[PDB]
Structures are given as C-alpha cells and as structure tokens.
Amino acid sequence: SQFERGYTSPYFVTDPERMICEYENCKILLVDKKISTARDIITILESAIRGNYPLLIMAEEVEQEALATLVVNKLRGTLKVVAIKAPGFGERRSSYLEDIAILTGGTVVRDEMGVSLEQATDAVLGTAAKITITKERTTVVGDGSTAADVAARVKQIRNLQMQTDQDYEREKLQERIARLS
C-alpha cells in the first residue's frame, strides 16, 4: 500500500537526515472530510497517548490550526503523530480511504454517514505493522489481522472491474488490487 501523498508538515519526520517519518505498530485515523482543529479529534489523540501509540492521520485536509497543535505536541514529545492528505479526489478519495480502512481494520469517519468526527472514539482506529512517510509518498504495511476482509475487498474490486468496460477505470481498479496485495 503505497501512494503519492507525503507529510503535511516536515516537523513530523522522525529521521531528519533522510526526511522521513517511520513508525511501527501504528494506529491509523481515516477521515473522509477535513479536520479543522485538534478539539475535533481530542478523544482519539488521548487514546493514542494513553496507549503510547504512534498515530497516522489521513484526512481530506488537516487545517492550519489543527496542524499547529499536532506539531507542537510532536515537538514536545507528547504525541508521536504524522498527518497526510488522503490520496486522490472525490469518489476516488472515498474509495481509497475505504481500501485502507479494510487493510488496517479501521473505520472511515464520514460527513453524516455513520459516526461523526467529534464523537468518534478509538474504535475507529486501524493498526499497521509499519508506516513510512516521505515528502511525497506514504507506505502502509498491514499487520495481517484483516486477511479475510482484504481478500473480500480484492474480489469486490474485481467485480467492479466487471461492471465497467472503460479500460482506464479497469486499470485504476487493478492498481487498487495491487496495493491491497
């Protein structure tokens, strides 16, 4: 699972010489809307701190206010956190976030559909064996806990492949299968 979104602040790096952020046994917050302030996700941040978990946040955007709070807490050593923009745009962005939720055992937090952001708990968090974030790219390695779910999602993407005969879209779908494989 690799795609072309990088860290939203260079202060999130863990290796300043290489300019990369690397964490193991990392919690994953997937949000299909924007995060405007840290108040929006304070319950989630508290949970990550209570469990001493690194946290990767993927959102439509993490706005300036929230980003500044995350950076100050990271610099102080309070929070091991990194934020990226969710990959893609529109419906594709939503599809990719759901792929990553399935890989990591997380739950996409949506606008209106399901639990809202301010009332989301740590139950929505996915978990990854390893994440590596560079200036331009994100890699998520799953921890193998969702093998059946990922298998089913791959078959589902193949059925979507059968429901389109536009080659370009068949190809984007095959790339999603590769990223889940």
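Throughout, we count residues from 1 along the sequence that is shown.
Could you settle it for me: does 106-114 or 79-87 have the higher average Cα B factor in the PDB entry?
For C-alpha atoms only, the mean B-factor is higher in 106-114.
With respect to the recorded C-alpha B factors, which stretch has the higher mean value, 55-63 or 40-48?
Result of the comparison: 40-48.
Quiz for you: based on the deposited Cα B-factor, which of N25, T14, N159, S9 is highest?
Highest CA B-factor of the listed options: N159.
Highest Cα temperature factor in the entry, among the options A123, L70, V150, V140: which one is it?
In this record, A123 carries the highest C-alpha B-factor of the candidates.
With respect to C-alpha B-factor, does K130 fall in the lowest, middle or highest third of the chain as deposited?
As the PDB entry reports it, the C-alpha B-factor of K130 lands in the middle third of its chain.
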